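Right, one structure below, let's go through it.
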Ligand SMILES: CC(=O)SCCNC(=O)CCNC(=O)[C@H](O)C(C)(C)COP(=O)(O)OP(=O)(O)OC[C@H]1O[C@@H](n2cnc3c(N)ncnc32)[C@H](O)[C@@H]1OP(=O)(O)O
Ligand SMILES: NC(=O)c1ccc[n+]([C@@H]2O[C@H](COP(=O)([O-])OP(=O)(O)OC[C@H]3O[C@@H](n4cnc5c(N)ncnc54)[C@H](O)[C@@H]3O)[C@@H](O)[C@H]2O)c1
Ligand SMILES: CCCCCCCCOCCOCCOCCOCCOCCO
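Chains as they are written, first to last, in the UniProt record's numbering: chain L, 2 to 391; chain X, 2 to 391; chain Z, 1 to 592, 602 to 715; chain P, 240 to 477.
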């Protein structure tokens with residue numbers, strides 16, 4: 002049965018994940034990339050009047066230059082979306098895009114809108130991360146500055162749970178391998194929205210795959226890389242770390258009521274939402290707290306979840322999270338079956354809805370019922386979402 | 002009686018609004034300014050355990066340098082707030098701080114948290130507005146570039162409704178005068194949290210007032226200024242425009258249930274929330290659409306509202322909004338009785354909660370029941386909130 | 001082949017794709033002359049008729065794509081009625097419109113220069129590939145007209161209002177980088193891989209990968225702007241340009257009016273708007289000879305070019321004196337790729353120069369017009385100095401020393417002993433005889449006059465005052481050096497006041513008489529601005545300065561006492577004697602632009618009669634004195650041809666463009682009917698007295714042109 | 240991080256941190272005991288092999304750097320011989336620190352290389368946000384190109400950057416010495432040529448010394464002041 006104010010994810014569409022170091026998006030603005038996605042996704046669903054969109058919630062982190070000044074509205078104005086709608090940009094570092102989904106979800110539930118357009122974007126090519134950073138010395142008075150370096154935290158959380166260089170590299174291979182497969186088999190054809198770009202020759206052409214993926218990634222090739230955050234005794238290498246990727250992800254959301262009226266079959270339904278905090282030093286541990294809080298709110302045990310999408314920030318962090326969540330021995334059976342941020346890249350403001358969207362496609366394709374999408378956040382945070390197929 | 006999940010504003014505290022051009026905050030980071038505010042506000046309320054704060058929703062616009070990387074958490078970590086809590090930065094240009102209040106509100110209502118710490122900050126001195134701006138040419142294909150210049154929009158909206166140079170300057174005078182009055186009479190003593198700063202001589206001292214206020218502002222002194230956004234035939238002058246101000250505003254929010262349990266008397270209660278959109282060219286008209294939507298959801302007529310807080314972006318925009326809201330003839334009786342952004346400055350990511358917070362103090366002080374806080378947003382947006390004193 | 005013309009050869013290719021090539025056999029460049037436009041019609045009709053075609057690629061067999069249009073052939077087609085003119089351009093647009101309606105993908109492989117109509121052809125196609133070493137733009141505004149082949153229709157909808165208004169109004173060329181960012185072009189590649197790109201692109205449009213139909217749509221329908229978004233966009237543009245273009249608005253202020261009106265219309269209706277407004281700028285008799293502009297332009301552009309292949313290289317330049325004029329000459333020479341030395345005697349001078357040059361460079365960067373990397377180049381080009389040690393390789397030297405015959409002679413003769421002997425020397429003086437200064441030097445053949453106008457970076461005109469002992473090579477180099485600095489030089493023989501100034505004051509003489517006749521100067525300039533002048537007489541006097549205008553009066557009075565030596569105090573003496581020194585002082589005819606009845610007090614002593622006058626007469630008291638003086642400048646041999654005699658006014662004093670010039674204006678009235686008009690105003694002085702040669706050619710029915 | 244760059248014999252670096260890590264949860268008084276205890280360990284172990292030396296050695300320096308400091312001639316005007324690589328750097332550094340410098344060379348192609356590199360560095364900071372456009376203007380004006388010695392009249396210190404050649408450098412150095420004040424200081428930037436050798440060409444060796452910069456001039460901190468056998472203290476001091 003349906004409850005009028007139940008949150009329903011109607012559709013999901015992401016952009017082809019392209020490299021930042023001269024990738025396929027090196028000549029496209031984050032605003033346009035987002036505007037085009039939102040526009041195209043709305044087309045596939047001609048039954049949802051763009052005018053009904055009460056608000057467009059977009060996730061973005063480095064909000065300056067191209068991504069500054071509420072990119073949500075800036076990207077929404079170049080869409081068929083009326084000027085009568087609103088738009089806000091939600092930043093929570095890594096989990097920005099997911100928090101966006103939560104904001105709309107809560108709005109719908111409380112009767113403050115019927116149709117929403119959530120998602121996120123992050124063009125780390127035009128707006129790099131280290132760009133425009135001013136470390137506040139005062140922070141060292143309440144927390145270690147080193148905790149600001151995601152890499153070092155991966156090293157710390159890694160040592161604690163004891164993950165060997167081999168264990169991490171092996172994970173990266175699994176990610177690339179599973180990503181390529183999903184791509185070749187067409188398990189991405191529905192979510193990836195073809196998008197214009199430029200090849201290494203400046204030529205114009207449409208890409209519908211993820212440049213980031215590297216099928217040739219073997220344990221041999223990975224064991225050749227050097228420690229990225231700790232030369233003298235490190236395991237976290239560029240190979241086991243997520244990729245710097247420019248990309249956007251969209252998601253149309255609305256109430257089951259206004260949905261049932263439009264007679265459009267749901268893709269999934271949000272059951273529980275959760276956000277939690279951890280110490281900055283081991284921020285990668287954010288998922289477990291956030292997940293446990295979500296499971297309790299959804300009245301479900303970790304075992305009840307059929308498929309899981311854990312944003313692969315670092316193999317050194319993903320593995321520990323999976324171990325404490327007590328599902329490491331279930332990995333190849335229900336965890337990131339299409340690869341992770343290591344092969345698909347990790348666009349800060351985009352990864353939130355991206356992993357969740359992919360999660361749904363996994364469930365739909367594998368007849369799953371309950372799904373879980375969670376990710377670690379910088380400076381000690383976590384976020385989780387439990388969807389349901391009905 | 003109240004319902005368990007009813008949003009209740011427990012307390013409100015803001016910083017002294019200081020000038021940006023060498024003001025009292027010229028040597029204080031936005032992060033610290035926020036962290037200190039949140040810390041001090043939590044002190045006055047010793048019955049709300051900081052550990053219970055499910056999340057800290059902070060509003061900020063130019064998120065780069067000092068204000069970049071989810072300032073919500075950055076400022077939250079230097080507070081007594083545990084590392085177990087979460088934090089996110091919500092950007093909606095001007096209405097950022099207010100959107101923050103809404104996000105938490107909806108969260109509380111949906112059972113996703115019990116205690117929150119909302120607010121916003123904007124240090125336009127260290128991170129000016131024109132800093133790091135990259136105008137997307139493509140925007141001119143869907144909307145006029147000029148609409149990006151808030152000033153010009155004020156001019157357009159003004160021409161439409163017909164507001165004379167005198168009508169605007171007179172408004173600015175009323176704002177400065179009323180601001181000074183409220184200050185001198187101590188109508189700000191409760192909300193303004195004393196804060197360390199530096200006087201024009203680099204000396205260290207605590208400010209408890211708003212540098213921005215200029216009591217000497219007379220119609221004669223304002224009629225001397227020249228058009229700021231249109232030399233050849235303009236009315237919008239620096240005197241009738243909001244001031245570039247560095248400042249932060251805080252606000253503790255929670256459910257009536259967890260509130261009634263702590264036996265702490267509420268400051269106000271949120272009854273309705275609304276956001277709307279308008280054309281970028283006349284974004285200043287955002288309040289009317291947003292207000293009308295809020296009044297309907299609150300099941301109230303504009304007449305049922307006892308006090309009104311309309312963020313004064315420009316006298317050219319505030320007046321028209323008040324005219325269409327059919328309350329211009331009630332101005333001196335219930336509209337911004339403590340002055341506006343013209344005399345108190347307008348910190349982008351801060352004004353949202355600041356105007357609302359001050360709105361509550363006006364109601365409490367003048368035995369009001371229903372209150373309204375609304376403001377226009379850049380690029381064509383609006384937002385409104387209807388509080389209630391019980 | 002499918003079509004083998006003399007300008008266009010439509011050759012077939014693989015997969016039914018056809019390549020329409022632009023190669024004007026016989027000529028060096030491709031341009032839309034009568035023949036080209038004609039063959040295009042036959043080309044499109046051929047492709048259109050051929051049902052086997054599966055795509056069309058547009059290319060060029062030259063170094064450039066398609067330069068502007070050679071308008072000399074279109075002139076005879078602009079003097080007809082606005083109906084037989086609008087429908088004329090309408091039919092011309094039918095070609096490009098049809099090419100745009102081809103039920104098949106079309107790409108424009110831009111290899112090089114694609115200006116004016118050249119770009120308009122590209123805007124017609126669906127996709128556009130461009131070589132990184134190419135340029136594109138619409139410099140129509142420099143001619144007094146705006147794009148006439150759908151330029152104002154397609155560009156605004158392709159790149160956006162603001163971007164189009166800027167590209168059009170300015171008429172600036174644009175590099176691949178910029179053309180790509182605004183989305184004027186869809187792909188930028190190296191010259192070598194251009195053909196491959198256009199080919200690879202077309203195939204991706206045919207397969208259906210690229211929606212060539214969806215990309216074409218935007219320029220067939222209304223603008224995406226809101227009614228409100230339009231008001232803002234257009235009004236700001238109009239205003240911004242209105243104050244920088246002034247009363248005589250060629251293409252800038254009109255282009256926007258055409259886009260603002262055709263905003264809610266599709267291609268077809270938008271084209272009609274474009275055509276209509278285009279005629280308003282090109283039509284005939286009603287005093288609108290925008291015809292003479294080209295009659296003068298197509299003669300200067302050729303005359304100058306001939307001088308440009310003669311002139312020596314100006315790889316190294318230098319100016320004497322920093323500060324006001326020096327900082328400008330250095331700025332202009334630096335911003336155009338010419339290393340210049342700022343010579344002076346005291347360190348305080350170089351500071352002033354470097355400062356002002358820096359204030360202008362930052363001015364553009366602090367808005368987005370100039371690249372920080374560019375500001376660096378410009379600044380490095382300017383090289384300070386208090387000696388002549390580095391004057392060893394300087395080719396041309398300019399003097400900007402204080403106004404003093406003696407001083408200027410000492411300085412000039414001084415530098416002549418520190419530079420190559422084949423080096424050219426030039427003074428920037430304005431009230432001193434070039435033939436006088438040359439006497440000091442030992443090489444007068446290389447000495448000429450290079451007159452710039454304050455501000456050096458604002459005013460276009462640069463007079464090349466040829467002395468009596470100046471060689472042709474000397475003048476040639478100076479003329480060329482001026483053009484290189486983005487200026488418009490004109491050769492003028494040495495005489496008290498030269499050409500421009502000598503004609504600008506008699507004009508003011510008519511003004512001085514109006515004020516003395518109780519005529520409100522506010523009403524005067526409002527009429528002169530309604531006429532076409534950039535600034536009004538009174539307002540202009542404030543800009544130049546009452547103290548300056550007063551000094552110039554004496555310089556011209558002494559020059560030709562027989563007609564320019566009045567003396568009965570005028571508004572000039574009034575304000576000067578009343579401490580109202582103008583705009584720099586803050587008080588002249590206006591206050592600084603404000604108005605105040607306090608000025609009336611000062612002007613009272615000048616009013617000798619409360620004479621009544623119509624706005625029509627006011628125009629005569631001004632124009633007649635100016636036109637006649639021009640006739641004298643041509644008769645005394647100050648300017649060689651009538652063509653040069655008018656453009657010197659168009660670029661200097663700012664003579665209304667669409668009105669041609671002082672001499673052309675005379676023809677617009679009739680030489681015989683002009684002298685008759687002058688006689689009625691003969692009671693005002695020798696300034697309104699037609700010359701003997703004018704009276705002679707008056708009866709003969711002779712006009713200055715033909 | 241310190242353990243790796245301090246190595247086996249850790250003085251104050253690696254210890255200071257161990258002292259703070261232990262006294263972390265302590266107050267002043269208890270923390271003082273920690274500080275004192277660890278301080279004794281360093282003095283009787285690591286530093287027993289003289290703390291006296293390092294100290295007195297620094298003492299000699301702060302006084303030496305002070306003696307040099309106020310006998311030294313003020314350098315209001317400077318110049319460099321040769322643009323391009325090293326010249327563009329010496330000009331940049333002198334310009335970015337408030338010292339008008341002249342870029343002297345023989346061909347126009349050289350000045351271009353210098354002005355270009357100096358511009359590339361200035362734009363580099365502005366094109367990200369670290370330098371003011373108004374600041375880049377001043378710096379650029381501070382650098383004044385030239386192909387002669389006509390303006391070397393008020394230059395106080397001249398630096399040479401000519402190609403590595405004993406003969407060439409000597410000719411150039413001796414040349415500039417006839418176009419500057421007699422009390423002006425000359426300095427070569429050579430790296431493989433004896434300063435005492437170059438000085439022999441000059442007629443005022445007392446004012447000639449060696450100012451060694453390291454490529455890139457704007458990156459490397461150290462600048463060797465190679466004193467010749469006939470170099471005066473005032474020369475080195477300046
Ligand atoms: C939709 C929303 O919610 S907010 C919309 C966004 N608006 C904004 O961010 C504010 C826009 N305002 C601005 O950008 C700037 O204030 C501007 C452009 C209008 C003016 O800035 P500037 O061009 O630098 O002029 P500036 O601020 O220096 O002018 C100050 C002068 O005005 C005078 N002045 C200002 N206010 C007053 C007053 N109330 N009474 C008397 N004099 C005054 C000062 O004394 C000073 O004069 P002085 O220089 O002789 O000492
Ligand atoms: N009023 C105007 O703006 C205007 C309009 C048109 C033409 N001009 C021409 O500009 C020139 C005047 O220049 P200005 O306005 O800069 O005067 P100025 O008084 O503003 O500055 C004089 C400059 O010349 C330098 N100078 C003087 N004698 C020198 C010498 N012997 N050697 C080297 N430098 C010397 C001074 O140091 C100073 O930098 C005149 O030829 C005048 O006809 C001026
Ligand atoms: C290992 C030893 C090698 C010995 C090499 C011998 C080199 C000796 O050459 C002598 C130096 O020649 C000087 C070149 O002269 C340059 C003159 O430039 C004049 C520039 O004038 C500019 C005027 O504006």
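Ideal Cβ positions, reconstructed from N, Cα and C, are used throughout, including at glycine.
Look at residue 429 (chain Z): its beta carbon is less than 7 Å from one of the heavy atoms in ligand 2.
In the three-state DSSP reduction, residue 164 (chain L) falls in the coil class, being neither helix nor strand. For the stretch 152-164 of chain Z, the residues whose beta carbon sits under 9 Å from a beta carbon of chain X are, in order, 157, 158, 159, 160, 161, 162, 163, 164.
Annotated as proximal: residue 248 (chain Z) and residue 665 (chain Z), with beta-carbon spacing under 8 Å. Here residue 335 (chain Z) is buried. Its C-beta has 16 or more other C-beta atoms within 10 Å. Residue 28 (chain L) and residue 199 (chain L) have their C-alpha atoms some 7 Å from each other.
Nearest to residue 212 (chain L) by C-alpha distance, out of L:353, L:242, L:346, is L:346.
Taking the Cα of residue 473 (chain P) as reference, the smallest distance to any Cα among P:441, P:367, P:445 is reached at P:445. Per DSSP, the beta-bridge partners of residue 384 (chain Z) are Z:342. Contact residues of the stretch 335-357 of chain P toward chain Z are 347, 350, 351, 353, 354, 355, 357 (C-beta to C-beta distance below 9 Å). Bridge pairing for residue 137 (chain Z): Z:115, Z:173 [DSSP].
Look at residue 325 (chain P): its C-beta is not under 8 Å from any C-beta on chain Z. Residue 118 (chain L) and residue 39 (chain L) do touch by the CB rule: their CB atoms are close to 6 Å apart, below 8 Å. Between the C-alpha atoms of residue 240 (chain Z) and residue 377 (chain L) there is a straight-line separation of about 51 Å. Per DSSP, residue 576 (chain Z) lies in no beta strand (DSSP E); the unbroken alpha helix (DSSP H) holding it starts and ends at 571-577. Contact of residue 232 (chain Z) with chain X is assigned, a C-beta pair being separated by under 8 Å. Relative to ligand 1, the nearest heavy atom lies less than 7 Å away from the CB of residue 229 (chain X). Inclusion of residue 234 (chain Z) and residue 260 (chain Z) in the CB contact set at 8 Å is warranted, their separation being smaller than that value. Comparing C-alpha distances from residue 307 (chain X) to each of X:148, X:286, X:390 shows the shortest one belongs to X:390. When DSSP states are grouped into helix, strand and coil, residue 29 (chain X) belongs to the coil group.
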